[PDB]
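Number of protein chains: 6
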Amino acid sequence: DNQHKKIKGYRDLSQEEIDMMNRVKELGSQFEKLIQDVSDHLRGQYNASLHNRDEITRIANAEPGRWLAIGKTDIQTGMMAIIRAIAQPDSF
Amino acid sequence: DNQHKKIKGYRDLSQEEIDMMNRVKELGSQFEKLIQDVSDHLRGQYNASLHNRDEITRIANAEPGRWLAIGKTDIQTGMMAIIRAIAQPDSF
Amino acid sequence: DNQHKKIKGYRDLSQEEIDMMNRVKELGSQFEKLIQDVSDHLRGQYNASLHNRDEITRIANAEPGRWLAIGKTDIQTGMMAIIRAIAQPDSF
Amino acid sequence: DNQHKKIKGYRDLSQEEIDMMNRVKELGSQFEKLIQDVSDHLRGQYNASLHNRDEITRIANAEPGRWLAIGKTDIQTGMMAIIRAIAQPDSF
Amino acid sequence: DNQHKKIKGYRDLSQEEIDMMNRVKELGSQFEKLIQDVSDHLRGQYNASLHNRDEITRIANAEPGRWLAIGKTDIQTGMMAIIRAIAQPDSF
Amino acid sequence: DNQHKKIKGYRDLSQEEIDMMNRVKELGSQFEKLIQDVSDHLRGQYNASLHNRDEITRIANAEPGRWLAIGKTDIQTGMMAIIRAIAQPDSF
Numbered sequence: 002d003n004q005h006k007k008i009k010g011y012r013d014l015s016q017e018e019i020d021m022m023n024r025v026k027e028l029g030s031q032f033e034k035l036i037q038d039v040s041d042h043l044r045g046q047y048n049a050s051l052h053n054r055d056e057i058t059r060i061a062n063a064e065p066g067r068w069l070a071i072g073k074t075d076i077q078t079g080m081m082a083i084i085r086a087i088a089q090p091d092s093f
Numbered sequence: 002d003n004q005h006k007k008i009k010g011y012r013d014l015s016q017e018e019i020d021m022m023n024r025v026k027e028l029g030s031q032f033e034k035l036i037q038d039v040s041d042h043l044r045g046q047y048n049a050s051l052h053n054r055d056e057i058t059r060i061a062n063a064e065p066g067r068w069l070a071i072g073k074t075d076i077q078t079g080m081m082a083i084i085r086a087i088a089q090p091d092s093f
Numbered sequence: 002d003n004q005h006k007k008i009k010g011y012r013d014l015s016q017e018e019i020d021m022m023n024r025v026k027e028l029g030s031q032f033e034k035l036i037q038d039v040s041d042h043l044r045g046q047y048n049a050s051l052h053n054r055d056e057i058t059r060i061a062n063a064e065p066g067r068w069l070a071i072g073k074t075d076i077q078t079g080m081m082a083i084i085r086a087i088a089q090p091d092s093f
Numbered sequence: 002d003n004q005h006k007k008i009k010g011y012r013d014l015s016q017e018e019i020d021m022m023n024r025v026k027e028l029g030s031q032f033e034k035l036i037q038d039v040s041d042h043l044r045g046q047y048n049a050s051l052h053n054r055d056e057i058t059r060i061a062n063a064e065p066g067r068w069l070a071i072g073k074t075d076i077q078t079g080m081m082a083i084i085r086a087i088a089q090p091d092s093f
Numbered sequence: 002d003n004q005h006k007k008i009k010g011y012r013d014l015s016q017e018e019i020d021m022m023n024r025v026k027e028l029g030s031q032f033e034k035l036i037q038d039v040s041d042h043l044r045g046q047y048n049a050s051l052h053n054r055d056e057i058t059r060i061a062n063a064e065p066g067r068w069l070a071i072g073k074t075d076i077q078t079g080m081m082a083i084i085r086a087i088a089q090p091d092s093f
Numbered sequence: 002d003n004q005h006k007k008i009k010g011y012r013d014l015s016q017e018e019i020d021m022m023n024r025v026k027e028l029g030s031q032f033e034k035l036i037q038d039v040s041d042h043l044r045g046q047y048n049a050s051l052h053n054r055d056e057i058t059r060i061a062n063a064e065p066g067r068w069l070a071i072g073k074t075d076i077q078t079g080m081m082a083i084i085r086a087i088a089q090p091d092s093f
């Protein structure tokens with residue numbers, strides 16, 4: 002019901018702008034797949050390293066799950082900024 | 002000359018870790034291409050809008066070049082965090 | 002022309018969600034006004050301090066224009082995250 | 002007991018600077034109220050959606066609690082940067 | 002086995018670059034020690050304040066563990082950016 | 002004139018809290034010195050590479066000045082978060 006026109010900052014977008022935005026989102030989905038793969042790798046690494054207290058300590062000290070989460074958040078906020086550069090909402 | 006072994010935090014990487022890291026970097030290159038395309042679009046948009054003072058003001062108020070730069074920086078730091086989740090340097 | 006339905010991640014929003022989003026944007030406009038006021042203050046401070054080389058050096062060393070810009074960027078990305086928490090796009 | 006003078010970077014502030022800082026903090030309190038309201042909305046949304054496995058999955062996939070937390074953190078660090086632009090501590 | 006040469010973006014580093022990078026990492030270790038000390042202080046503060054419901058509420062409202070974690074993450078990503086300024090990988 | 006008591010969020014600090022805060026600031030000054038040294042190195046690198054168009058292009062493509070600035074900003078906001086974990090202002 003044209004909900005977007007009810008939200009402050011709405012701007013009419015061309016097809017080229019919509020296509021660029023969807024390009025961002027589809028490259029983002031490839032990053033989501035990569036991040037899932039890394040997370041699976043981390044889980045297998047943690048598993049295979051069970052009862053290797055030195056290697057469990059190494060993994061805990063490198064904090065890879067935390068770094069993967071930081072990376073996911075940066076990728077997602079970067080996508081939002083790029084999409085904002087295309088959409089150009091009039092609002093602050 | 003094994004320069005990396007001279008840097009604190011070095012860890013020996015498997016081929017699978019190296020391949021995951023290179024995957025991150027190659028998806029990142031696709032984002033670099035996308036960002037270049039958006040930047041070209043912004044330049045053409047600024048050009049075609051010359052002597053449309055209302056539209057030059059609109060563009061200045063949306064600050065799209067700034068948002069594209071914020072997005073590039075987030076994409077790049079996200080790539081670094083994901084690569085760190087794979088590499089797992091022992092150092093803080 | 003229902004442009005939003007053409008963008009991946011679209012979700013139908015209730016009036017309450019739209020109102021919460023607009024609330025975010027209107028509080029954000031109050032922050033934009035505050036930031037403008039601080040920027041005006043910084044310009045007057047720089048002016049009144051002209052030919053006070055110790056105070057021009059103090060201002061340059063505190064880098065207040067840079068800190069105001071960092072704050073504006075954090076306020077704006079925070080608004081985007083809050084709006085995303087309301088809108089809940091299905092996409093990564 | 003003038004504790005602040007014991008902290009490196011102290012600068013004497015005018016009443017106008019103190020008032021601008023307090024303005025930042027009071028606008029921030031309005032954002033805190035907004036964030037509380039959004040969080041309450043998210044909790045009610047999760048409740049009303051109980052035993053709607055498709056909608057519980059949708060909510061889990063949008064990660065709204067995480068996005069609200071990211072937004073709160075950006076709002077708070079933005080406030081700190083703006084206040085730093087006013088206070089202008091001499092320290093790095 | 003020259004693993005780094007297998008990673009896209011490799012550049013040959015001089016001894017001065019390696020030394021600057023290690024300097025960053027060693028200053029970072031001093032920050033890690035400081036952060037550990039602050040965390041110990043927070044734990045003792047929480048302990049000594051047990052059954053002081055007003056002070057437990059004060060601590061919960063200031064969220065110091067969260068702020069310490071935000072600071073650790075900023076210190077670590079800052080170290081990565083500085084090291085990147087020295088290393089200068091050719092890759093995006 | 003007890004200016005800090007006029008700012009919302011004031012809390013009375015112990016000597017141990019003030020000392021921890023000053024420790025943060027003094028480690029930060031060591032990072033400021035390191036960043037200055039890296040910046041000097043970058044300037045000498047740019048100089049010695051004058052009229053080596055391939056190496057000027059390499060430097061421009063690595064964007065080391067930008068990465069050093071990102072690192073400085075992360076170090077400084079990390080210091081602010083750590084200090085906030087010690088100071089514990091009552092305010093949002």
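Chains A, B, C, D, E and F, in that order, give the protein sequences. Just so you know, we're using PDB author numbering here: the first sequence kicks off at 2 and counts up by one. Just so you know, we're using PDB author numbering here: the second sequence kicks off at 2 and counts up by one. Just so you know, we're using PDB author numbering here: the third sequence kicks off at 2 and counts up by one. Just so you know, we're using PDB author numbering here: the fourth sequence kicks off at 2 and counts up by one. Just so you know, we're using PDB author numbering here: the fifth sequence kicks off at 2 and counts up by one. Just so you know, we're using PDB author numbering here: the sixth sequence kicks off at 2 and counts up by one. Ideal placement from N, C-alpha and C gives every residue a C-beta, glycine not left out.
Please classify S92(A): is it buried, with 16 or more other beta-carbons within 10 angstroms of its beta-carbon, or exposed?
buried
Is the segment 11 to 22 of chain B in contact with the segment 65 to 73 of chain A, if contact means three or more CB pairs nearer than 8 Å?
no
Closer than 8 Å is the cut-off here; do at least three beta carbon pairs connect the segment 75 to 92 of chain D with the segment 49 to 65 of chain C?
yes
Here's the rule: buried if 16 or more other CB atoms are within 10 angstroms of the residue's CB, otherwise exposed. What is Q77(C)?
buried
Beta-carbon proximity list for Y47(A), same chain, < 8 Å, skipping 5 on both sides
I57, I60
Could you name the residues of the same chain whose beta carbon sits closer than 6 Å to that of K7(D), not counting the 5 residues immediately before and after it, in chain order?
none
Spatially closest choice to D20(E) from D2(F), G10(F), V39(F), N23(F), by CA coordinates:
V39(F)
Taking just the CA atoms, how far does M81(E) sit from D2(E)?
24 Å
So, under 8 Å CB-CB, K9(D) and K34(F) are touching, yes? Tell me the CB distance rounded to an integer number of Å.
About 15 Å; that fails the 8 Å criterion.
How close, in whole Å, do the beta carbons of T74(F) and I71(C) come, if the pair is a contact with beta carbons under 8 Å?
7 Å
Near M22(B), which residues of its chain fall below 6 Å by C-beta distance, leaving aside the five closest residues on each side in sequence?
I84, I87
Show which residues of chain B have a CB atom less than 7 Å away from the CB atom of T78(A).
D75
Completely contained alpha helix (DSSP H) runs for the segment 28 to 78 of chain C, where each covers 4 or more residues
54 to 63
Under 8 Å, do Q31(D) and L43(C) count as touching if we go by C-beta distance?
no
Please compile the residues from chain D whose C-beta is within a distance smaller than 9 Å of the C-beta of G72(C).
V25, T78, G79, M80, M81, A82, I83, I84, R85, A86
Compute the distance between the beta-carbons of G45(D) and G79(C), then report whether it is under 8 Å.
no
Using a Cβ-Cβ distance cut-off of 8 Å, determine whether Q4(A) contacts chain C.
yes
Spatial distance of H5(D) from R54(A) (CA atoms)
47 Å
Apart from the five residues on each side of it in sequence, which residues of its chain come closer than 7 Å, Cβ to Cβ, to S50(D)?
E56, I57, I60
Reduced DSSP secondary structure (H/G/I, E/B, other) of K9(F):
coil
Could one say the Cβ of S40(A) lies closer than 8 Å to chain C's Cβ atoms, at least one of them?
no
Contact set between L28(D) and chain F, taken where Cβ atoms lie within less than 9 Å:
Result: empty, since nearest Cβ-Cβ is about 10 Å, beyond 9 Å.
Do you know how far the Cα of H52(E) is from the Cα of residue 1(E)?
Residue 1(E) is absent from the structure shown; chain E starts at 2 and stops at 93.
Should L69(F) be flagged as near chain E, meaning a C-beta pair shorter than 8 Å?
yes
6 Å CB neighbourhood of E18(F) in its chain, flanking five on each side removed:
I87
If we ignore side chains and look at the alpha-carbon of each, how far apart do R24(E) and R24(F) end up?
19 Å
Check whether chain D comes within 8 Å of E33(F), counting only Cβ atoms and requiring the distance to be less than that.
yes
Could you run through the segment 51 to 63 of chain E and flag, in chain order, every residue whose CB is less than 9 Å away from some CB of chain F?
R59, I60, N62, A63
If you draw a straight line from the alpha carbon of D41(E) to that of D41(D), how long is it in whole angstroms?
34 Å
Closer than 8 Å, CB to CB, is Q89(F) near chain E or not?
yes
Identify whether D2(B) lies in helix, strand or coil by the three-state DSSP scheme.
coil
Which of the three DSSP states is assigned to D20(D) in this structure?
helix
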